[PDB]
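Here's the structure we're looking at; comments come further down.
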Amino acid sequence: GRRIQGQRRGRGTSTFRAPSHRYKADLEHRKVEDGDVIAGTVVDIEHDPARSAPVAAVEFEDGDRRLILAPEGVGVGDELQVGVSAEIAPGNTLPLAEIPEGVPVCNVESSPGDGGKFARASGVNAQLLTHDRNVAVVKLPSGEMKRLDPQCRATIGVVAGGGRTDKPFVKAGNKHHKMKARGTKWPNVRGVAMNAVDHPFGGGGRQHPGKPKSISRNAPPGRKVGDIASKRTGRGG
Amino acid sequence: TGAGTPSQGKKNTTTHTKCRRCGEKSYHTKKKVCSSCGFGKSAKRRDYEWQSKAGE
Amino acid sequence: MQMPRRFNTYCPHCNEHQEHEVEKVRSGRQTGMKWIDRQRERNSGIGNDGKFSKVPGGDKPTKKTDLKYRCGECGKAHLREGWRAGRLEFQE
Amino acid sequence: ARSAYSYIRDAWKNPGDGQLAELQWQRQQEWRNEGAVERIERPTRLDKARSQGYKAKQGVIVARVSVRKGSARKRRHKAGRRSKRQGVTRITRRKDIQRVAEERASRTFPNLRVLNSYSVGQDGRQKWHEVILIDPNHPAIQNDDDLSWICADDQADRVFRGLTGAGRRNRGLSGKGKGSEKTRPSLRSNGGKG
RNA sequence: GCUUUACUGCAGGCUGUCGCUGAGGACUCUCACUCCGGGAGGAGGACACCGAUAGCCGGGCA
RNA sequence: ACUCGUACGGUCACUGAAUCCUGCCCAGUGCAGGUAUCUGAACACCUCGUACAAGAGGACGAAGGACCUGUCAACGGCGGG
RNA sequence: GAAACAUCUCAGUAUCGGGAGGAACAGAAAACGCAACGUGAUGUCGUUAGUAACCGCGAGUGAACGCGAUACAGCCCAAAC
Ligand SMILES: [Cl-]
Ligand SMILES: [Cl-]
Ligand SMILES: [Cl-]
Ligand SMILES: [Cl-]
Ligand SMILES: [K+]
Ligand SMILES: [Mg+2]
Ligand SMILES: [Mg+2]
Ligand SMILES: [Mg+2]
Ligand SMILES: [Mg+2]
Ligand SMILES: [Mg+2]
Ligand SMILES: [Mg+2]
Ligand SMILES: [Mg+2]
Ligand SMILES: [Mg+2]
Ligand SMILES: [Mg+2]
Ligand SMILES: [Mg+2]
Ligand SMILES: [Mg+2]
Ligand SMILES: [Mg+2]
Ligand SMILES: [Mg+2]
Ligand SMILES: [Mg+2]
Ligand code: NA
Ligand code: NA
Ligand code: NA
Ligand code: NA
Ligand code: NA
Ligand code: NA
Ligand code: NA
Ligand code: NA
Ligand SMILES: [Sr+2]
Ligand SMILES: [Sr+2]
Ligand SMILES: [Sr+2]
Ligand SMILES: [Sr+2]
Ligand SMILES: [Sr+2]
Ligand SMILES: [Sr+2]
Ligand SMILES: [Sr+2]
Ligand SMILES: [Sr+2]
Ligand SMILES: [Sr+2]
Ligand SMILES: [Sr+2]
Ligand SMILES: [Sr+2]
Ligand SMILES: [Sr+2]
Ligand SMILES: [Sr+2]
Ligand SMILES: [Sr+2]
Ligand SMILES: [Sr+2]
């Protein structure tokens, strides 16, 4: 047959690429040596094309103008601090060791100094729970208990733009506009609506898959479609 | 719209032009590569054994 | 059918009639050192292996008699042409 | 009596034993951070180098080359192929890693000609070989009664034509009798059956 | 051309084993190696990656 | 490549606005988890064999399979008497 | 081609990448093994011979030593000191 859509993706052609040239900034945490004496004033609140959530423009003491991942409540004029001895106020970035337990946190690092990996999407947050000299247990937005290094930096507060998922797209055109700002091919044609040559579920006189949908993990690209290594399917039971 | 005569009307794009190296009208002005002598692609002149019958 | 374990018959080794003992030919174990074994290892590579990719055929509904006729005095055996028998049981 | 050279030779008979085991463990850390072809002022194996034709003279260059370990880096067939020709994984190249190393060295130095090469070890993913190259145009070599043969026009690109030592061995030309029916005088004259 | 529990194979995935690979049937360490850090340094660690082989799955492909 | 992206994410599929609803079946097939025991390759190891080697057998036993469980908005099924 | 076809065959052919010369390559035995009290660098030509050898032992595939010729040419390092 012909290569399936998921295989065309990997080649990284224009249709599948993200409009990177239209993106604003790669929202990472600032680099401090030690001492904490790095603070800044919020100049503007901009829209970020990459994540459909707002981003805050901050001007630091040493003359550095950088866009930061905006938590909720952060406005123009507000002073944000980045470092070890930073104040435990929403919008400040300090390592997990210095942040008290039971406090909602965002833009958490995986490895110390990476700039932030977890809890970055609209309105989500990570929850810092247990402390130790070796481990800081953080509960990520998926409900997973992630054991991290207490030296991993994070920003206090929930991410801004909460409740975006609450309002329906209503029409196809609204989806179109959102998708044009992302690295995704849209609309989605069902495999079951294609020809046998194009997809494992293609063909037939009527529309239905040709085999069961639950495919093995060991399946090769071109065959790994439908329900990938499903532990279970359905709602009931 | 038919693929024949009505689709021929849009053909006013210049691609293949006179080559600086070989003199043939095969220098693709968009690719900046010659389809005849390989100018723009290789220092060595484009030649292939299939351009003639195997035992010749 | 029934077959006597011991009976009088011709011995081609003794050149006279002696009491023979009948035994079913037990399959001798393979050494894996014959030419065909070395050819299987040599000729098998990438893709199909021709004859070495074939899997052993079926069975005939009834197999022929596979027996050894052992002489009672000289102790040497001889083979005979087998006959189709669904079962072969020995008497004594 | 024994030469000092004989001790470099004896050390290299077992590169995983003695002081050499520790030396290689150290050196390879620096080598892995080095390039594909690195010119070195002095050979790692003096005995082997001198034995192969090296001289501490002007116009004699040495270079360490790293080539990857393993079989062929082959692409799977994109058209109709019979089962025998459908392989990817078990296919190995006909030229040995030493020969690949020599060619990569000769490309880096377009004016020089390959004299010989030798192995200087390997790790888990690559092999290192040091290639002795010669300047056919330097008068220091053109007047050398032992090396001036390499100056001749027919010795141009000698490595790319298999005229090198590792070339001739890889071409199956070692034996003068039985087994070399399809190798001598050339692989091509014998219909590529060697 | 297309399908599959047709024949035979080929990619790919999973898994054991050998090499890289080191010190004191479960374990400790650090020095290779990997990743994070601008750096200092941190995490991991003889595993993983990679090379080789073996078993299983394998119309994704021939 | 996705990705100047991080689960309110994005990948892979099915169904196809709203409204009222979406029953029963896990035996087969698929996927997934488990597993006393069974089966399960090669390397190393043990026995035999060979002044060596081929080779024969053993011990151990990974994934996988047997076996057990979960799962149908998973492939599907919902009859005769 | 094998009157299908998978090994085999077409064939190391077509085609592709790299490179030298006026010719290339080969070449002074860790050779041969008409086993010898024998030959004596290498190409090549004739022959050895469709012989030995390979092969779903099918179709097909296929040398060499030697011999008669052509032309003839033997040397330089590394190390010892
Ligand atoms: Cl979306
Ligand atoms: Cl019988
Ligand atoms: Cl060269
Ligand atoms: Cl002779
Ligand atoms: K064929
Ligand atoms: Mg960012
Ligand atoms: Mg787009
Ligand atoms: Mg659709
Ligand atoms: Mg259709
Ligand atoms: Mg298909
Ligand atoms: Mg329908
Ligand atoms: Mg349907
Ligand atoms: Mg020739
Ligand atoms: Mg990196
Ligand atoms: Mg097919
Ligand atoms: Mg035919
Ligand atoms: Mg036939
Ligand atoms: Mg042939
Ligand atoms: Mg011979
Ligand atoms: Na062989
Ligand atoms: Na060169
Ligand atoms: Na050969
Ligand atoms: Na067709
Ligand atoms: Na069922
Ligand atoms: Na035919
Ligand atoms: Na046919
Ligand atoms: Na054959
Ligand atoms: Sr980043
Ligand atoms: Sr960075
Ligand atoms: Sr279908
Ligand atoms: Sr239900
Ligand atoms: Sr019209
Ligand atoms: Sr136009
Ligand atoms: Sr170009
Ligand atoms: Sr050409
Ligand atoms: Sr073979
Ligand atoms: Sr095979
Ligand atoms: Sr039968
Ligand atoms: Sr050249
Ligand atoms: Sr509806
Ligand atoms: Sr089931
Ligand atoms: Sr002579």
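In the structure tokens, chains take letters A, B, ... by order of appearance, with residues numbered from 1 within each chain and ligands from 1 in the order shown.
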
task: List all protein, DNA and RNA residues that have an atom no more than 12 Å from any atom of ligand 12, counting only C-alpha atoms (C1' of nucleotides) and all ligand atoms, and report them as a PyMOL selection string.
output: (chain A and resi 190-193+201-202+204-210) or (chain F and resi 14-16+73+75)

Using only C-alpha atoms (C1' of nucleotides), find each residue in chain G having at least one atom no more than 12 Å away from chain C; report its shortest atom-to-atom pair and that distance in Å (one decimal), rows by chain then rising number, as CSV.
residue,atom,partner,partner_atom,distance
G:5,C1',C:50,CA,10.2
G:6,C1',C:48,CA,5.6
G:7,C1',C:50,CA,3.7
G:8,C1',C:50,CA,8.3
G:54,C1',C:43,CA,11.1
G:55,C1',C:43,CA,10.5
G:56,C1',C:51,CA,5.3
G:57,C1',C:36,CA,11.3
G:58,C1',C:51,CA,11.3

message: With DSSP run on the backbone, what are the strand (DSSP E or B) residues within region 60-206 of chain A? I'd like them as a count of residues only.
response: 36

- prompt: Please, which residues of chain D, numbered as in this document, come out helix (DSSP H, G or I) from DSSP, as a ChimeraX atom specification?
  reply: /D:5-11,18-31,46-52,83-85,97-108,139-142,148-151,153-155,165-170

- request: Output the neighbourhood of ligand 14 as a list in words, that is, all protein and nucleic acid residues with some atom at most 12 Å from the ligand, counting only C-alpha atoms (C1' of nucleotides) and all ligand atoms.
  value: residues 114 of chain A; 34, 35, 36 and 37 of chain E

Can you spit out the residues from that selection as a PDB file, in the first residue's frame, using C-alpha atoms (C1' of nucleotides)?
ATOM      1  CA  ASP A 114      16.336  23.179  32.188  1.00  0.00           C
TER       2      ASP A 114
ATOM      3  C1'   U E  34      24.798   9.205  28.847  1.00  0.00           C
ATOM      4  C1'   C E  35      21.945  13.334  30.158  1.00  0.00           C
ATOM      5  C1'   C E  36      21.109  18.327  32.793  1.00  0.00           C
ATOM      6  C1'   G E  37      24.000  22.903  34.035  1.00  0.00           C
TER       7        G E  37
END

- prompt: Counting only C-alpha atoms (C1' of nucleotides), what is within 10 Å of region 76-78 of chain C, bar same-chain residues fewer than 4 positions away, as a PyMOL selection string?
  reply: chain C and resi 10-14+20-22+67-72

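For residue 49 (chain G), the non-local neighbours within 12 Å, defined as residues at least 6 positions apart in the same chain or in other chains and counting only C-alpha atoms (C1' of nucleotides), are residues 62, 63 and 64 of chain G.
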
Do you know which residues are at most 12 Å from residue 154 (chain D) counting only C-alpha atoms (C1' of nucleotides), after dropping those on the same chain fewer than 6 positions away, and could you put them as a PDB file with N, CA and C atoms (P, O5', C5', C4', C3', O3' and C1' of nucleotides), in the first residue's frame?
ATOM      1  N   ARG D 113      49.812  11.011  -0.704  1.00  0.00           N
ATOM      2  CA  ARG D 113      49.492   9.645  -1.127  1.00  0.00           C
ATOM      3  C   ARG D 113      49.664   8.697   0.047  1.00  0.00           C
ATOM      4  N   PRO D 136      54.398  13.516  -2.393  1.00  0.00           N
ATOM      5  CA  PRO D 136      55.171  13.161  -3.589  1.00  0.00           C
ATOM      6  C   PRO D 136      55.897  14.319  -4.263  1.00  0.00           C
ATOM      7  N   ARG D 161      42.417   2.954  -5.774  1.00  0.00           N
ATOM      8  CA  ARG D 161      42.520   1.887  -6.760  1.00  0.00           C
ATOM      9  C   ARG D 161      42.974   0.558  -6.133  1.00  0.00           C
ATOM     10  N   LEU D 163      45.767  -0.201  -4.504  1.00  0.00           N
ATOM     11  CA  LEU D 163      47.216  -0.459  -4.564  1.00  0.00           C
ATOM     12  C   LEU D 163      47.935  -0.409  -3.226  1.00  0.00           C
TER      13      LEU D 163
ATOM     14  P     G G  19      37.102  11.074  -8.002  1.00  0.00           P
ATOM     15  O5'   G G  19      38.327  10.226  -8.566  1.00  0.00           O
ATOM     16  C5'   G G  19      39.488  10.033  -7.752  1.00  0.00           C
ATOM     17  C4'   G G  19      40.343   8.905  -8.271  1.00  0.00           C
ATOM     18  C3'   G G  19      40.884   9.024  -9.677  1.00  0.00           C
ATOM     19  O3'   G G  19      41.955   9.947  -9.780  1.00  0.00           O
ATOM     20  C1'   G G  19      40.145   6.821  -9.327  1.00  0.00           C
ATOM     21  P     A G  20      42.357  10.544 -11.221  1.00  0.00           P
ATOM     22  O5'   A G  20      43.488   9.548 -11.737  1.00  0.00           O
ATOM     23  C5'   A G  20      44.595   9.200 -10.889  1.00  0.00           C
ATOM     24  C4'   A G  20      45.387   8.062 -11.490  1.00  0.00           C
ATOM     25  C3'   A G  20      45.856   8.241 -12.921  1.00  0.00           C
ATOM     26  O3'   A G  20      47.004   9.069 -13.013  1.00  0.00           O
ATOM     27  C1'   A G  20      44.973   6.072 -12.663  1.00  0.00           C
ATOM     28  P     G G  21      47.320   9.847 -14.386  1.00  0.00           P
ATOM     29  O5'   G G  21      47.843   8.724 -15.386  1.00  0.00           O
ATOM     30  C5'   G G  21      49.005   7.934 -15.085  1.00  0.00           C
ATOM     31  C4'   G G  21      49.123   6.804 -16.072  1.00  0.00           C
ATOM     32  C3'   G G  21      49.261   7.208 -17.532  1.00  0.00           C
ATOM     33  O3'   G G  21      50.625   7.505 -17.840  1.00  0.00           O
ATOM     34  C1'   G G  21      47.606   5.527 -17.334  1.00  0.00           C
ATOM     35  P     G G  22      50.985   8.576 -18.983  1.00  0.00           P
ATOM     36  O5'   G G  22      51.146   7.712 -20.308  1.00  0.00           O
ATOM     37  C5'   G G  22      51.837   6.460 -20.260  1.00  0.00           C
ATOM     38  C4'   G G  22      51.152   5.425 -21.126  1.00  0.00           C
ATOM     39  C3'   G G  22      51.493   5.419 -22.611  1.00  0.00           C
ATOM     40  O3'   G G  22      51.525   4.068 -23.009  1.00  0.00           O
ATOM     41  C1'   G G  22      49.160   5.502 -22.346  1.00  0.00           C
ATOM     42  P     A G  23      52.837   3.184 -22.752  1.00  0.00           P
ATOM     43  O5'   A G  23      52.262   1.705 -22.856  1.00  0.00           O
ATOM     44  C5'   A G  23      51.671   1.078 -21.714  1.00  0.00           C
ATOM     45  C4'   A G  23      50.425   1.818 -21.291  1.00  0.00           C
ATOM     46  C3'   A G  23      49.955   1.413 -19.912  1.00  0.00           C
ATOM     47  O3'   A G  23      50.718   2.074 -18.930  1.00  0.00           O
ATOM     48  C1'   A G  23      48.118   1.356 -21.370  1.00  0.00           C
ATOM     49  P     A G  24      50.864   1.428 -17.470  1.00  0.00           P
ATOM     50  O5'   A G  24      49.488   1.835 -16.794  1.00  0.00           O
ATOM     51  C5'   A G  24      49.139   1.346 -15.519  1.00  0.00           C
ATOM     52  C4'   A G  24      47.652   1.192 -15.417  1.00  0.00           C
ATOM     53  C3'   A G  24      47.315   0.085 -14.451  1.00  0.00           C
ATOM     54  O3'   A G  24      47.341   0.582 -13.134  1.00  0.00           O
ATOM     55  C1'   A G  24      46.200  -0.315 -16.478  1.00  0.00           C
ATOM     56  P     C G  25      48.539   0.157 -12.160  1.00  0.00           P
ATOM     57  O5'   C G  25      48.039  -1.220 -11.567  1.00  0.00           O
ATOM     58  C5'   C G  25      46.748  -1.308 -10.968  1.00  0.00           C
ATOM     59  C4'   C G  25      46.204  -2.694 -11.126  1.00  0.00           C
ATOM     60  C3'   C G  25      47.115  -3.785 -10.610  1.00  0.00           C
ATOM     61  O3'   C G  25      46.990  -3.943  -9.210  1.00  0.00           O
ATOM     62  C1'   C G  25      46.381  -4.359 -12.759  1.00  0.00           C
TER      63        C G  25
END

task: List all protein, DNA and RNA residues that have at least one atom no more than 8 Å from any atom of ligand 9, counting only C-alpha atoms (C1' of nucleotides) and all ligand atoms, and write them as a list in words.
output: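 Sorted by chain and then by number, the residues are residues 193, 194, 195 and 203 of chain A.
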
Export of prior selection with N, CA and C atoms as an mmCIF file, in the first residue's frame:
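What follows is the written file selection-v7.cif:
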data_model
loop_
_atom_site.group_PDB
_atom_site.id
_atom_site.type_symbol
_atom_site.label_atom_id
_atom_site.label_comp_id
_atom_site.auth_asym_id
_atom_site.auth_seq_id
_atom_site.Cartn_x
_atom_site.Cartn_y
_atom_site.Cartn_z
ATOM 1 N N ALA A 193 -12.878 5.552 6.286
ATOM 2 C CA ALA A 193 -13.459 6.227 5.123
ATOM 3 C C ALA A 193 -12.496 6.220 3.938
ATOM 4 N N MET A 194 -11.294 5.698 4.168
ATOM 5 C CA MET A 194 -10.255 5.625 3.145
ATOM 6 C C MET A 194 -10.245 4.289 2.410
ATOM 7 N N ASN A 195 -9.343 4.171 1.436
ATOM 8 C CA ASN A 195 -9.176 2.952 0.643
ATOM 9 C C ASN A 195 -8.195 2.040 1.354
ATOM 10 N N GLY A 203 -11.077 0.421 3.001
ATOM 11 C CA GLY A 203 -11.724 -0.590 2.176
ATOM 12 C C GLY A 203 -13.119 -1.008 2.612
#

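Where the distance criterion is 6 Å and the atoms used are only C-alpha atoms (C1' of nucleotides) and all ligand atoms, the residues close to ligand 33 are residues 10, 11 and 12 of chain B.
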